[PDB]
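A.B. asks: The file below is structure-v3.pdb, PDB, C-alpha atoms:
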ATOM      1  CA  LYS A 103      84.040 118.232 119.950  1.00  0.00           C
ATOM      2  CA  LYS A 104      81.642 115.954 121.828  1.00  0.00           C
ATOM      3  CA  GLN A 105      80.932 114.192 118.523  1.00  0.00           C
ATOM      4  CA  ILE A 106      84.675 113.777 117.943  1.00  0.00           C
ATOM      5  CA  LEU A 107      84.954 112.103 121.343  1.00  0.00           C
ATOM      6  CA  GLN A 108      81.994 109.883 120.417  1.00  0.00           C
ATOM      7  CA  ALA A 109      83.623 109.104 117.060  1.00  0.00           C
ATOM      8  CA  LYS A 110      86.845 108.117 118.826  1.00  0.00           C
ATOM      9  CA  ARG A 111      84.782 105.774 121.005  1.00  0.00           C
ATOM     10  CA  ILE A 112      83.010 104.386 117.924  1.00  0.00           C
ATOM     11  CA  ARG A 113      86.367 103.909 116.186  1.00  0.00           C
ATOM     12  CA  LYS A 114      87.674 101.984 119.196  1.00  0.00           C
ATOM     13  CA  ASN A 115      84.537  99.823 119.103  1.00  0.00           C
ATOM     14  CA  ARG A 116      84.967  99.273 115.357  1.00  0.00           C
ATOM     15  CA  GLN A 117      88.603  98.283 115.909  1.00  0.00           C
ATOM     16  CA  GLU A 118      87.523  95.767 118.557  1.00  0.00           C
ATOM     17  CA  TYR A 119      84.858  94.402 116.199  1.00  0.00           C
ATOM     18  CA  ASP A 120      87.391  94.143 113.360  1.00  0.00           C
ATOM     19  CA  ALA A 121      89.786  92.293 115.660  1.00  0.00           C
ATOM     20  CA  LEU A 122      86.962  89.900 116.552  1.00  0.00           C
ATOM     21  CA  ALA A 123      86.058  89.401 112.881  1.00  0.00           C
ATOM     22  CA  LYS A 124      89.687  88.724 111.945  1.00  0.00           C
ATOM     23  CA  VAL A 125      90.034  86.311 114.870  1.00  0.00           C
ATOM     24  CA  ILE A 126      86.932  84.431 113.722  1.00  0.00           C
ATOM     25  CA  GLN A 127      88.110  84.455 110.090  1.00  0.00           C
ATOM     26  CA  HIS A 128      91.592  83.251 111.089  1.00  0.00           C
ATOM     27  CA  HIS A 133      75.543  74.864 110.859  1.00  0.00           C
ATOM     28  CA  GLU A 134      77.440  73.950 107.699  1.00  0.00           C
ATOM     29  CA  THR A 135      80.093  72.086 109.706  1.00  0.00           C
ATOM     30  CA  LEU A 136      77.439  69.865 111.302  1.00  0.00           C
ATOM     31  CA  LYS A 137      75.973  69.099 107.869  1.00  0.00           C
ATOM     32  CA  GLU A 138      79.461  68.297 106.570  1.00  0.00           C
ATOM     33  CA  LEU A 139      80.036  65.990 109.551  1.00  0.00           C
ATOM     34  CA  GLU A 140      76.677  64.303 108.881  1.00  0.00           C
ATOM     35  CA  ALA A 141      77.611  63.819 105.214  1.00  0.00           C
ATOM     36  CA  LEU A 142      80.979  62.392 106.291  1.00  0.00           C
ATOM     37  CA  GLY A 143      79.195  60.033 108.682  1.00  0.00           C
ATOM     38  CA  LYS A 144      76.858  58.894 105.904  1.00  0.00           C
ATOM     39  CA  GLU A 145      79.882  58.337 103.649  1.00  0.00           C
ATOM     40  CA  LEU A 146      81.564  56.351 106.436  1.00  0.00           C
ATOM     41  CA  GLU A 147      78.412  54.243 106.841  1.00  0.00           C
ATOM     42  CA  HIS A 148      78.335  53.596 103.081  1.00  0.00           C
ATOM     43  CA  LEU A 149      82.031  52.657 103.168  1.00  0.00           C
ATOM     44  CA  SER A 150      81.372  50.306 106.093  1.00  0.00           C
ATOM     45  CA  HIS A 151      78.514  48.682 104.159  1.00  0.00           C
ATOM     46  CA  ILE A 152      80.792  48.320 101.116  1.00  0.00           C
ATOM     47  CA  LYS A 153      83.513  46.767 103.288  1.00  0.00           C
TER      48      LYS A 153
ATOM     49  CA  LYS B  99      62.596 171.163  89.668  1.00  0.00           C
ATOM     50  CA  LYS B 100      65.040 171.702  92.529  1.00  0.00           C
ATOM     51  CA  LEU B 101      62.851 169.672  94.893  1.00  0.00           C
ATOM     52  CA  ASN B 102      62.630 166.833  92.366  1.00  0.00           C
ATOM     53  CA  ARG B 103      66.407 166.809  91.904  1.00  0.00           C
ATOM     54  CA  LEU B 104      66.972 166.756  95.669  1.00  0.00           C
ATOM     55  CA  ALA B 105      64.483 163.910  96.120  1.00  0.00           C
ATOM     56  CA  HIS B 106      66.055 161.843  93.335  1.00  0.00           C
ATOM     57  CA  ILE B 107      69.544 162.339  94.778  1.00  0.00           C
ATOM     58  CA  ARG B 108      68.322 161.378  98.254  1.00  0.00           C
ATOM     59  CA  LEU B 109      66.667 158.244  96.860  1.00  0.00           C
ATOM     60  CA  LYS B 110      69.881 157.273  95.073  1.00  0.00           C
ATOM     61  CA  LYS B 111      71.938 157.752  98.243  1.00  0.00           C
ATOM     62  CA  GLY B 112      69.439 155.733 100.289  1.00  0.00           C
ATOM     63  CA  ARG B 113      69.431 152.882  97.766  1.00  0.00           C
ATOM     64  CA  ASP B 114      73.241 152.887  97.753  1.00  0.00           C
ATOM     65  CA  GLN B 115      73.382 152.685 101.556  1.00  0.00           C
ATOM     66  CA  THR B 116      70.822 149.870 101.501  1.00  0.00           C
ATOM     67  CA  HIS B 117      72.894 147.986  98.919  1.00  0.00           C
ATOM     68  CA  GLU B 118      75.992 148.382 101.095  1.00  0.00           C
ATOM     69  CA  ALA B 119      74.100 147.041 104.101  1.00  0.00           C
ATOM     70  CA  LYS B 120      72.816 144.153 101.993  1.00  0.00           C
ATOM     71  CA  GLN B 121      76.363 143.278 100.937  1.00  0.00           C
ATOM     72  CA  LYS B 122      77.526 143.368 104.562  1.00  0.00           C
ATOM     73  CA  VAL B 123      74.649 141.123 105.636  1.00  0.00           C
ATOM     74  CA  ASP B 124      75.386 138.739 102.758  1.00  0.00           C
ATOM     75  CA  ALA B 125      79.034 138.492 103.815  1.00  0.00           C
ATOM     76  CA  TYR B 126      78.014 137.778 107.410  1.00  0.00           C
ATOM     77  CA  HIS B 127      75.534 135.173 106.163  1.00  0.00           C
ATOM     78  CA  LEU B 128      78.208 133.519 104.018  1.00  0.00           C
ATOM     79  CA  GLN B 129      80.498 133.288 107.044  1.00  0.00           C
ATOM     80  CA  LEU B 130      77.644 131.785 109.068  1.00  0.00           C
ATOM     81  CA  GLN B 131      76.897 129.368 106.217  1.00  0.00           C
ATOM     82  CA  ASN B 132      80.526 128.255 106.153  1.00  0.00           C
ATOM     83  CA  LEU B 133      80.348 127.669 109.908  1.00  0.00           C
ATOM     84  CA  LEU B 134      77.112 125.687 109.554  1.00  0.00           C
ATOM     85  CA  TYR B 135      78.571 123.647 106.692  1.00  0.00           C
ATOM     86  CA  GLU B 136      81.578 122.846 108.871  1.00  0.00           C
ATOM     87  CA  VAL B 137      79.318 121.774 111.738  1.00  0.00           C
ATOM     88  CA  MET B 138      77.149 119.631 109.457  1.00  0.00           C
ATOM     89  CA  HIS B 139      80.147 117.941 107.839  1.00  0.00           C
ATOM     90  CA  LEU B 140      81.717 117.307 111.250  1.00  0.00           C
ATOM     91  CA  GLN B 141      78.489 115.719 112.483  1.00  0.00           C
ATOM     92  CA  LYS B 142      78.320 113.651 109.288  1.00  0.00           C
ATOM     93  CA  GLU B 143      81.892 112.393 109.702  1.00  0.00           C
ATOM     94  CA  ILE B 144      81.321 111.778 113.421  1.00  0.00           C
TER      95      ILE B 144
END
Just give me the structure of the file as structure tokens.
C.D. replies:
Amino acid sequence: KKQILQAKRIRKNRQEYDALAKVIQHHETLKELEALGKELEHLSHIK
Amino acid sequence: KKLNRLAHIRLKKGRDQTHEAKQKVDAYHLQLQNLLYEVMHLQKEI
């Protein structure tokens, strides 16, 4: 019974974590911005 | 001969009573094993 209470607590924590993961899903970005800046510099040199 | 027959009959009765007690203990142990399996599975799920 104590373990069932603990499992209810763990299920609430897992639901909160799943809500957080779905909210986040709803380093690479900086590299993409750097590549876009290099492409903009190349386009400025071409212009 | 009469003493041997009496002793053999007493040994048979004693072995039968022991077998009955063994069956009772085995039933109690199976109930306890079911309880322990339930507890273990409940701890595994929780």
A.B. asks: Quick one, how far is CA of residue 103 in chain A from CA of residue 142 in chain B?
C.D. replies: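 It comes out at 12.9 Å.
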A.B. asks: Take the ChimeraX specification (/B :<7) & /A, run it mentally on this structure, and tell me the resulting residues as a list in words.
C.D. replies: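 Taken over the shown coordinates, the ChimeraX specification (/B :<7) & /A returns residues 105, 106 and 109 of chain A.
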A.B. asks: Specify the axis-aligned box that encloses all atoms of range 103-112 of chain A listed in the file after padding of 5 Å on each side, stating its centre and edge lengths in Å to one decimal as lines of an AutoDock Vina configuration file.
C.D. replies:
center_x = 83.9
center_y = 111.3
center_z = 119.4
size_x = 15.9
size_y = 23.8
size_z = 14.8
